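S.K.: Would you mind keeping the following structure in view while I ask a few things?
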Amino acid sequence: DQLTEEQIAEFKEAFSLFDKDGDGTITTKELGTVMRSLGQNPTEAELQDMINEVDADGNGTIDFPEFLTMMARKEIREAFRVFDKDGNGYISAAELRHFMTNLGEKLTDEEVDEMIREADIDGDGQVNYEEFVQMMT
Amino acid sequence: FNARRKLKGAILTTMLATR
Ligand SMILES: [Ca+2]
Ligand SMILES: [Ca+2]
Ligand SMILES: [Ca+2]
Ligand SMILES: [Ca+2]
């Protein structure tokens, strides 16, 4: 039903990781570049269709109100596997740091640790699949 | 710094990018 301010800020963060040049819109090329960097290989037709399905005003790019509309209207395991680079079933701080700088983000050590702590339920200082799933659900 | 926003925002991008 509702959308909290925390939920909107998370969708806004996600939008900004796709919006590589920070101009307020996501193009097919920015989408393509991000998806390839995370191991996917969309065709040009798929990228154009994906943008078109979200582009409600038809100007050919995605702004945040359109992105918010799709996210409010809408595989956590495949995402877990992006973060868990060595595949041992536990996301370490080092793996999270690495995943975040490959996204172009600037983080301190304390910041990465704060993110581990936020997801860490049992307190072993890592993030397992069940904790990952509970973060997103 | 909002640790939950930064982490969940990055996970939601991965979920979208891997469809
Ligand atoms: Ca852009
Ligand atoms: Ca648009
Ligand atoms: Ca691991
Ligand atoms: Ca844990």
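Read the figures in this text as sums done on the coordinates, not as results from a lab. Here the Cβ positions follow ideal geometry from the backbone for every residue, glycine too, while neighbour counts run over all protein chains shown.
S.K.: Does the range A:91-103 include one or more residues that are exposed (fewer than 14 other Cβ atoms within 10 Å of the Cβ), under 16 Å from the mean Cα position of the chain (by Cα), within 24 Å of A:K29 (Cα to Cα) and facing chain B (nearest Cβ under 9 Å)?
M.R.: Taking every residue of the range A:91-103 in turn, none turns out to be exposed (fewer than 14 other Cβ atoms within 10 Å of the Cβ), under 16 Å from the mean Cα position of the chain (by Cα), within 24 Å of A:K29 (Cα to Cα) and facing chain B (nearest Cβ under 9 Å).
S.K.: If you don't mind, there's one more thing I want to ask. Quick check on the range A:87-128: of everything there that is in a loop (DSSP other than H, G, I, E, B) and among the polar types (S, T, N, Q), which residue is nearest to B:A3 (Cα to Cα)?
M.R.: A:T108
S.K.: Within the range A:107-120, can you find the residues that are surrounded by fewer than 20 Cβ atoms within 10 Å (Cβ to Cβ) and closer than 19 Å to A:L38 by Cβ?
M.R.: Within the range A:107-120, just A:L107 meets the criteria.
S.K.: Here's a follow-up. Which of the residues that make up the range A:15-29 are closer than 21 Å to A:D57 by Cα and within 11 Å of chain B (Cβ to nearest Cβ)?
M.R.: Of everything in the range A:15-29, those that are closer than 21 Å to A:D57 by Cα and within 11 Å of chain B (Cβ to nearest Cβ) turn out to be A:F15, A:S16, A:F18, A:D19, A:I26.
S.K.: Shifting gears a bit: Among the residues of the range A:54-64, is any within 12 Å of chain B (Cβ to nearest Cβ) and away from ligand 4 (no atom under 16 Å from the Cβ)?
M.R.: yes
S.K.: A:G125 passes all but one of (1) crowded, with 17+ Cβ neighbours inside 10 Å; (2) farther than 25 Å from A:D21 by Cβ; which number fails?
M.R.: Among (1) crowded, with 17+ Cβ neighbours inside 10 Å; (2) farther than 25 Å from A:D21 by Cβ, the lone unmet condition for A:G125 is (1).
S.K.: Residues being of a type in the set (V, I, T), under 17 Å from the mean Cα position of the chain (by Cα) and away from ligand 2 (no atom under 13 Å from the Cβ): count how many of those fall in the range A:14-60.
M.R.: Of the residues in that region, 2 qualify.
S.K.: Can you list residue pairs whose Cβ atoms sit under 6 Å apart, with the first residue in the range A:24-47 being closer than 25 Å to A:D84 by Cβ and the second being within 10 Å of ligand 1 (Cβ to nearest atom)? Count only pairs 6 or more apart in sequence or on different chains.
M.R.: Once the first residue is closer than 25 Å to A:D84 by Cβ and sits in the range A:24-47, its partners that are within 10 Å of ligand 1 (Cβ to nearest atom) give A:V34/A:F18.
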